[PDB]
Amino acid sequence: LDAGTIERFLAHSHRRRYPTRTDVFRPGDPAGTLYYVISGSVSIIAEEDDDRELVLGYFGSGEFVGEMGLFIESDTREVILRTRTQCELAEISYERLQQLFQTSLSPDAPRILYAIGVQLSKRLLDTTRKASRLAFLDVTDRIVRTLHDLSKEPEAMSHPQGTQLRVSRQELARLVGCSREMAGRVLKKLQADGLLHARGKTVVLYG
């Protein structure tokens, strides 16, 4: 997706600023708009009947979210979109967007569509891998592999002993579907194992 296509698409979008820890939408909310992350980071979370959460991923600038309704006929969202930092999001209704595809943005339709396909593909892969790990790996193995993915993210701040990640016991718990305490227990085992050390929301992964 080139700079022109992006700017042309954003001209018809509505830019809004969001504080951190803010749910942009939750399961059941009207599904009529598409969001484009201009700045900041957000997370997509699956919710359960007992209010238990499964974090599916983190998304930054250039990512389209709340896009499902643009492809699947539905009056409601199926997940929670939450801000992890202060955010700026551009939004545009599905109707308006598709209208633009038949006219104004007619030329960029293929590019915007392909780009959304790129993200959906990445997401399907990661989610496909999260499903596999949830079915065949113990919590310790899910946590180690998760700490290693997190350290591959551009957000991974370097450290003299390896990579300095930024995760809390709660989020870790949310990422691998285990209790907060279990995540806390696994962290002290890995530290005792010499694979890393932790401090509040700072995990220093060795490597």
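So that there is no doubt, residue numbering starts at 1 and follows the sequence shown.
Novice: According to the deposited model, is the average Cα temperature factor higher in 191-199 or in 17-25?
Specialist: Here the higher of the two C-alpha B-factor means belongs to 191-199.
Novice: Quick check on the record: does 32-40 or 161-169 carry the larger mean Cα temperature factor?
Specialist: Going by the record's values, the stretch with the higher mean is 161-169.
Novice: Just the C-alpha B-factor column, please: which of 132, 86, 98, 121 has the biggest number?
Specialist: Among 132, 86, 98, 121, the PDB entry lists the largest C-alpha B-factor for 98.
Novice: Which of these, 51, 67, 63, 141, has its C-alpha atom at the highest B-factor, as the entry lists it?
Specialist: Of the options given, 51 has the highest CA B-factor in the PDB entry.
Novice: Which third, lowest, middle or highest, does the C-alpha temperature factor of residue 55 belong to within its own chain?
Specialist: It falls in the bottom third of the chain.
Novice: Please say which third, lowest, middle or highest, residue 78 falls into when its CA temperature factor is compared across its chain.
Specialist: Tercile = middle for this residue's CA B-factor.
Novice: Using only modelled residues of the chain, where does the Cα B factor of residue 127 rank: lowest third, middle third or highest third?
Specialist: Lowest third - that is where residue 127 ends up once the chain's C-alpha B-factors are sorted.
Novice: Split the chain's modelled residues into thirds by Cα B-factor; is residue 148 in the lowest, middle or highest one?
Specialist: For residue 148, whose C-alpha B-factor we compare with every modelled residue in the chain, the answer is the middle third.
Novice: Ranked by Cα temperature factor within the chain, is residue 178 in the lowest third, the middle third or the highest third?
Specialist: Middle third, going by the recorded CA B-factors of the chain.
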